[PDB]
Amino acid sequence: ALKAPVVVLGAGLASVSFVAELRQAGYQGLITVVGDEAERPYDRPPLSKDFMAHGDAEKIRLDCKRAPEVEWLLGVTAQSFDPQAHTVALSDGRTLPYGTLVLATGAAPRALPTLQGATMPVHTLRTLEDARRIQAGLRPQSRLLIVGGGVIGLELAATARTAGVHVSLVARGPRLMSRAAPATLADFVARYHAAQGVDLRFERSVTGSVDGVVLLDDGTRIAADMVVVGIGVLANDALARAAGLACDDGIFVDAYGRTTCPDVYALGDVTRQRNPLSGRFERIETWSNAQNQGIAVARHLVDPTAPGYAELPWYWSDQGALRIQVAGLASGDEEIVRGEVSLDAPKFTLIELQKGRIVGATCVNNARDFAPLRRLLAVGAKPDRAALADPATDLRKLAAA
């Protein structure tokens, strides 16, 4: 079952979390991790946040201390694996044997086809190298165009505005954060960014570019010194596809992290997995999934009596003055708004319900509300909805009860 030696492909958060849990759970056999980036393993959320603003990579490294006795092959690419021979072929000419192989290769930013032949700077923001490259170009009074309405681009937008950079943003949909964000939140977030000077263009797509100017599908133009594309990511599932595993922009796994190939597991951004709230398979793209799924899969490998991965989804985003936290589903049949939604000292909570049952929650500048709401969400609580609205109500009391 858990057969030594263990080989993990990828050295991001999912991998680090997985190998630390293997050790903590008591597995003492060989663990080897192959990571294509020549970087001490590091966390990505700071890259569009404090790192983009302050530049110290030694504040963003992951703690591999809870993972003793691991050989990390950094700067090495796994090129293929042979699931019959139980081997992995590496870019440096070496081959690793495995008893258990774990694919934790993450995802990469989607390229924008219309900007393929561009003769102006066009970047994406995924790696430390990407962040350093973008940061090197955030000159005060320069012009940045962000393509896409997702959180990472909005975090970059806020960071750029704080740095004195002019920011325009083009999104193909009618709202920001179309993925897993309640409309009420998305609308407020647009109002916030507009108030901070972001030039927002909804329902537009990029059709191309000429001599430093980006073209839009309404026949207009946006001049910029740099474009940062953030229209989503694609799973890094090429090795899985070539080896015959079931994949579709993501490696399909069950709650034990098993792929369709025996002795091969997958974790984190590279996986397509069940969302227990929707009951549908989705590629979850969050820090909490990478950590939590890695831990759960490791725990169950060492102790097969342990339950499978069962945590419900959530994420956060830091956009200037907005500390955003979102859990569960973006919508149900009812939204309750706790507090006022205002640009004057923003602070509010949203609760999404389905037939009286909490299926999601949002907190903006209210971390204290978020933890008990996630607990109510996890048990599918059906609380009094006037109480949920009632600003008197203490949610922590509710959660403990």
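Note that residue numbering follows the sequence shown and begins at 1.
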{"query": "Stretch with the higher entry mean CA B-factor, where the candidates are 200-208 and 288-296", "finding": "200-208"}
{"query": "303-311 versus 259-267 - greater average Cα B-factor per the deposited record", "finding": "303-311"}
{"query": "Highest-ranked of 107, 76, 122, 138 once sorted by CA temperature factor in the record", "finding": "138"}
{"query": "Highest-ranked of 31, 38, 363, 64 once sorted by CA temperature factor in the record", "finding": "64"}
{"query": "Modelled-residue ranking by C-alpha temperature factor, third containing residue 273", "finding": "lowest"}
{"query": "Within-chain third of residue 388 by Cα B-factor, per the entry", "finding": "highest"}
{"query": "Entry-reported Cα temperature factor of residue 149, expressed as the chain third it lands in", "finding": "middle"}
{"query": "Entry-reported Cα temperature factor of residue 53, expressed as the chain third it lands in", "finding": "highest"}
{"query": "Where the record places residue 369 (Cα B-factor, split into thirds across the chain)", "finding": "highest"}
